[PDB]
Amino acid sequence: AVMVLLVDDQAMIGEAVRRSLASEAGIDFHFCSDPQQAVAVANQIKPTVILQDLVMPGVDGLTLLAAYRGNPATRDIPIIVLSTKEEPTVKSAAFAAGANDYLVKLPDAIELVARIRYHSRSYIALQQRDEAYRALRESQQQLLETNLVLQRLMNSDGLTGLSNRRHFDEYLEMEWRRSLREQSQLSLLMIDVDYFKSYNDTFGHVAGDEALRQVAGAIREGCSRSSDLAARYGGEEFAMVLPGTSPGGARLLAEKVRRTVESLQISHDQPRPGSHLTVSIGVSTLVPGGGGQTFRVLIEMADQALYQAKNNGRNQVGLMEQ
């Protein structure tokens, strides 16, 4: 994994290093005698550590240190400056210049390979750390979005974006079971857009669906409690469950849903020439009692209320308690 790039004008020092990194596998070596090519050599072999001689003819090791730190290609490679006359004034200045280590020309072979490996691993760990951090951010972003999408396809109505039929009915069933234990009121609204069939085959589908999308927008705005839930049972049929809600409160939301839906003023000629889209709403409510009683009985009640509503003129609200 290691690749040592040594820079020094002394052809012998370059050898004392080569002959110590020899009996050491996993660590490539490279020797450069001409400082004028050092920067070049560095942008090619891509070392994991650079041993840079401080004093050479024509260029000092610190102006080369500024070169290695000039391009991304090598700006992160750790460098060990090698000195001859150990002058703690230049030493101090080397570190200030960013030098990562300082060695009085060639120490014990055991130490020289220990520093070479420690720096290389550090260099690679930083490389792999950022790389990982980046790939990780992508992965989690991907996974989060993928799950959002699958969730939506799983429990939501495509057009309306509201919950689908089975998601809703399963919630209704679990809410019924909990209202049975807590002996509380469970209200349900069955919402049908009036004369929608008539409307659909006279304005097309894109107009029908566009209207159903709008009505759905007035339906979710009707309930706001975290435990409240609205659905598009299918076609122009919607549903809303309101845990812990009383007949009166349920009635309020129904009426509020009806009113806001009408204030959309979606033109339609069936109720007669100059009217607009409206909805009939059946409202039911109960406190689950023991014995038989399934949530299906609450639904039968809402449907009856819905039927009564339609047969009394539509665009109004029907209630039922038993």
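One-based numbering along the sequence shown.
Enquirer: On mean C-alpha B-factor from the PDB entry, just flag whether 150-158 or 89-97 is the higher one.
Expert: Taking the mean B-factor of the alpha carbons in each, 89-97 is higher.
Enquirer: Using only C-alpha atoms and the B-factors in the entry, which stretch averages higher, 302-310 or 20-28?
Expert: On average, C-alpha B-factors are higher across 20-28.
Enquirer: Check the PDB entry and point out which of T202, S179, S227, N164 has the largest C-alpha temperature factor.
Expert: It is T202.
Enquirer: Would you mind checking which of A135, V206, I79, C223 has the top Cα temperature factor in the PDB entry?
Expert: If I rank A135, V206, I79, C223 by C-alpha B-factor, first place goes to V206.
Enquirer: Would you please rank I124 by its C-alpha temperature factor against the other modelled residues of its chain and give the third it falls in: lowest, middle or highest?
Expert: Answer is lowest: the recorded C-alpha B-factor places it there.
Enquirer: Hey, what third does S267 fall into on Cα B-factor, ranked over its chain?
Expert: Ranked within chain, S267 CA B lands in the highest tercile.
Enquirer: Where does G234 sit by CA temperature factor within its chain: lowest, middle or highest third?
Expert: Ranked within chain, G234 CA B lands in the middle tercile.
Enquirer: Per the entry's values, where does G282 land by CA temperature factor relative to the rest of its chain, in the lowest, middle or highest third?
Expert: CA B-factor rank for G282: lowest third.
Enquirer: Which third of the chain holds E145 when residues are ordered by C-alpha B factor: lowest, middle or highest?
Expert: Lowest third.
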